[PDB]
């Protein structure tokens, strides 16, 4: 699949808003993920024990990891499809070290869309949401392909 320049502009326009507060958005997204799909929390030996949203919000480690993840995702999106190099180390650690099924990548995609829709309604209309979904689907398709080459494909 290929996104048009118009679609990348919609994606990068809302992402610029997200970058005004990377830590806050990372927190909102991770918490949304963990509450909506509790099973995903089990994959993190570092956060596995967090029982409530209040505990999650209070976690300095969780906030730090949210920044790390959003920064990695941001670097990928800014490549506008030419992200092959960035995808390699990412696919290897998630397939081989962390063992994350593709199923989970869809869950986080949903969380990202949910959060952007809540915080940026004016820059996240139907067209902008379609563009973001297309960018995330592209990301998932490429990660899935790498998973297979690596001998995993979760």
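Positions refer to the first chain, counted from 1.
Per the entry, higher mean C-alpha B factor between 95 to 103 and 26 to 34: Of 95 to 103 and 26 to 34, the stretch with the higher C-alpha B-factor average is 95 to 103.
Name the higher of the two by mean Cα B-factor in the PDB entry, 106 to 114 versus 35 to 43. Mean B over CA atoms: larger for 35 to 43.
Sorting the chain's modelled residues by C-alpha B-factor, tell me whether residue 129 ends up in the lowest, middle or highest third. Lowest third - that is where residue 129 ends up once the chain's C-alpha B-factors are sorted.
Which third of the chain holds residue 48 when residues are ordered by C-alpha B factor: lowest, middle or highest? According to the entry, residue 48 has a C-alpha B-factor in the chain's highest third.
Quick check on the deposited entry: does the C-alpha B-factor of residue 119 sit in the lowest, middle or highest third of its chain? Residue 119: CA B-factor falls in the lowest third of its chain.
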